[PDB]
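What follows is the residue order along each chain.
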Amino acid sequence: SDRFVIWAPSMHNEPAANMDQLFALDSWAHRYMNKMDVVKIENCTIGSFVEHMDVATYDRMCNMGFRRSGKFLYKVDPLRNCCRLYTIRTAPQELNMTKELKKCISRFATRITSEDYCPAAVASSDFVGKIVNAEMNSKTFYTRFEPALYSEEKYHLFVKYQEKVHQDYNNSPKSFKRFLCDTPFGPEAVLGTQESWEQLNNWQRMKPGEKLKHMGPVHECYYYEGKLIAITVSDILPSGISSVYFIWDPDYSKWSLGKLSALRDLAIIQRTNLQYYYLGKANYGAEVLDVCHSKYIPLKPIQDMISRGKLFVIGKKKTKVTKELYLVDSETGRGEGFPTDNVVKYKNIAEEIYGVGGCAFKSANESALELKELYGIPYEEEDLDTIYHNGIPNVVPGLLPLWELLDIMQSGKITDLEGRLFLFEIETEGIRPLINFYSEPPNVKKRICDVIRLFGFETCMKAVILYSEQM
């Protein structure tokens, strides 16, 4: 119910990255296989600076394909970007325990507990039981959940990690605050109450039926023998836990703290009566997000993402598509799965839609021309062909197709935003209501349309769009 106060969405450029794998579809790689020198591959990021939102909204956004960097809620263009990141969720009950993970957990339980540790008879695959049992019977290792706030030792460990692992030496305390301490959440969501922190710290002792009181960003600090060894920046969501970033002492590369942190997060999710883990290699037993449906499909049948990471739109063979897939408001971001019938041998229709001869492109150009000509919204035909050589493209998988936006305009559904959506120009002495959409300036119209396309229509109904007319 909390208002969704955001800046107008934009597209940012951070280009820093075997020349045959950086394409999201095989046909576009084939078309530009010999012209790689003239292709302008950039590392794009479509997002929006969020000024305030509640935890439930960010949960919905995760289930729409979003991740946050500080206050910047973003997603990558899964068709044009050099790196396609997939929103993948994992439940602790459905995780494929490999042999390396079992060795990791065994060595962990051996190093944290004394030699006098007589272990229980927990199964070799119940990693949650081993983690909880060994960590409760250990006097050398512990963790502490605490608010996402700045401290000098946290920043020092951050710098050491960044420079010895990621080889990044351009780190300042402002960047650490702005990336791992600044959050778009309320003061309760960040700070909370001491009682909720005591509950979350006793997650090993939580019994089924008991609910987490705390929902918001947290820092889990790993302490071994009094020394800070790792920090897990994560978001406690109503549906689970979303990992934002992970930091670990390089001197402890013996521990494989990334795998250990993932397994411990799964153990927490199971004990804290949460369901999913939002990761954001080879064998998982997890399920990824089809953004064109905003629905999750298991990852085993989809070997193309596991092998090449190229795009994938699920569909049926006996159905031919004419335009991009309709996004159903009130179901996008709800974590809905695909039916588990194996008779419908779902094919990949991503090439039919976003490929070279894709229908999405002509449909979007025609819809954009019609929008600009009939309603004064500044859309231009862009990808008449050659999707590789500012603003936001007319065809992006996971965004609301332009024909749906045109239907919203034609059906008069757009008038449902007026009286609900509020706008905030900083230089106008105040926040103002939306009285008439069609009488707004064209740039304001396109900002509202970008919010609708990127975050959904029902979310835009409860939004507050901040804008200045200098960008």
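A. The arrangement of the sheet that holds strand β7 (residues 141-147) in detail. Reading across from one edge, β7-β8-β9-β10-β11-β6-β12-β13-β15 is the order of the 9 strands in this open sheet, with mixed pairing throughout. Each edge of the sheet is formed by a strand with only one pairing partner; in this case those strands are β7 and β15 (336-337). Against the sheet, helix α8 (residues 194-201) engages β7 and β8 (216-224), with an angle of about 150° to β7.

B. Highlighting the side chain of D77. Here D77 lies in the loop between β5 (72-75) and β6 (88-90). On the accessibility criterion, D77 (0% relative accessible area) is buried. Those residues in contact with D77 that sit more than four places away from it in its chain are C44, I46, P393, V396 and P397.

C. Highlighting the packing of aromatic side chains. A full pass over the atoms with the stated rule returns 30 aromatic pairs. Seen from their ring centres, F179 and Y245 are 5.3 Å apart, and the 80° between their planes marks the pair as edge-to-face. Here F179 is found in helix α6 (residues 173-181), whereas its partner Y245 is found in strand β10 (residues 240-248), with 66 residues between them in sequence. Judged by centre distance (5.6 Å) and plane angle (75°), the rings of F437 and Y438 are edge-to-face.

D. Spotlight on the pattern of salt bridges. Going through the model one piece at a time under the given rule, you end up with 20 salt bridges. Across the pair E100 and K259 runs a salt bridge, and its minimum N-O distance is 3.8 Å. Here the residue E100 occupies a position in helix α3 (residues 99-112), and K259 occupies one in helix α9 (residues 257-271), the gap between them amounting to 159 residues. Take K259: its relative accessible area is 36%, and that puts it in the partly exposed class. Sharing partners across several salt bridges, the network here consists of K160, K227, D249 and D251.

E. Geometry of the domain arrangement of the protein. Looking at the protein, the domain boundaries give domain 1 (1-53 + 303-471) and domain 2 (90-278). The straight-line distance from the C-alpha centre of domain 1 to that of domain 2 is 35 Å.

F. Region of the structure containing the state of the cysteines. Per the stated rule, a full pass over the model turns up 0 disulfides. Just so you know, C62 is unpaired, no disulfide at all, and the nearest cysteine sulfur is the one on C292, 18 Å from it. Summary of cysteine pairing: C292 is not part of a disulfide, and the nearest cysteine sulfur, belonging to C359, is at 11 Å.

G. Looking closely at helix α13 (residues 402-410). Of all the 9 residues making up α13, 7 are buried; the element is thus mostly covered by neighbouring parts of the structure. Buried within α13 we find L402, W403, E404, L405, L406, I408 and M409. For α13, the secondary structure elements touched by its buried residues are α12 (359-375), α14 (442-455) and α15 (457-461). Positioned one or two residues after α13, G412 has a phi angle of 75°, which is positive.

H. Representation of unusual backbone geometry. The residue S256 is not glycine, and still its phi comes out positive at about 50°. With respect to the helices and strands, the residue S256 is situated in the loop between β10 and α9. Judged by its relative accessible area of 34%, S256 falls in the partly exposed class. A positive phi is found at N273, a non-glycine position, where the angle reads about 50°. According to the relative accessible area criterion, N273 is partly exposed, its value standing at 35%.

I. Quick look at the nonpolar core. By size, the foremost hydrophobic cluster in this structure holds 78 residues, and its most contacted members are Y354, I448 and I452. With 7 residues, the single largest contributor to this core is α14. Taken domain by domain, the makeup of this core includes at least three residues from each of domain 1 (1-53 + 303-471) and domain 2 (90-278). Filtering out sequence-adjacent residues up to four positions away, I448 remains in contact with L417, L421, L423, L434, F437, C460 and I465. Core analysis: the next-biggest nonpolar cluster, separate from the first, contains 33 residues, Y117, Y222, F246 and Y252 among them.

J. Spotlight on the environment of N436. Within the secondary structure layout, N436 lies in the loop between β18 (430-433) and α14. Residues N436 and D407, 29 residues apart in the sequence, show an inter-C-alpha distance of 18 Å. Polar contacts involving the side chain of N436 include one to the main-chain amide nitrogen of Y438, which spans 3.3 Å.

Rules used throughout
- Within each chain the first residue of the written sequence is number 1 and the count goes on from 1 in that order, possibly differing from the entry; residues lacking coordinates are omitted.
- The side-chain values count all of the structure's non-hydrogen atoms but skip hydrogen atoms and water molecules.
- Strands are labelled as partners when DSSP assigns at least two bridges between them.
- Helix numbers and strand numbers start at the N terminus; a helix is a DSSP run of H or I with at least 4 residues, a strand a run of E with at least 2.
- By the convention used here, residues are in contact when the closest approach between their heavy atoms is within 4.5 Å.
- Note on method: axes are straight lines fitted to C-alpha atoms, helices fitted across the in-contact stretch only, with angles between N-to-C directions ranging 0 to 180 degrees.
- Note on exposure labels: buried denotes an accessible area under 20% of the residue type's maximum, exposed denotes more than 50%, and partly exposed covers the range between, all computed with a 1.4 Å probe on protein chains only.
- Two rings from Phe, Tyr or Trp (for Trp, the six-membered ring) form a pair when their centres are within 6.5 Å of each other. A pair whose planes differ by under 30 degrees is stacked, one over 60 is edge-to-face, and the rest are tilted.
- Salt bridge, as applied in this entry: a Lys or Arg side-chain nitrogen positioned within 4 Å of an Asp or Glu carboxyl oxygen.
- Start and end positions for the domains come from either an automated domain assignment or a database one.
- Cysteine sulfur atoms that come within 2.5 Å of each other are treated as a disulfide pair.
- By nonpolar core is meant a set of buried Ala, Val, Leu, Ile, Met, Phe, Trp, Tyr and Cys residues that side-chain atoms within 4.5 Å join together.
- Pairs of N or O atoms within 3.5 Å make up the polar contacts considered here, provided that, within protein, one atom can donate a hydrogen while the other can accept it, and that residues adjacent in sequence are counted only when both atoms are side-chain atoms.

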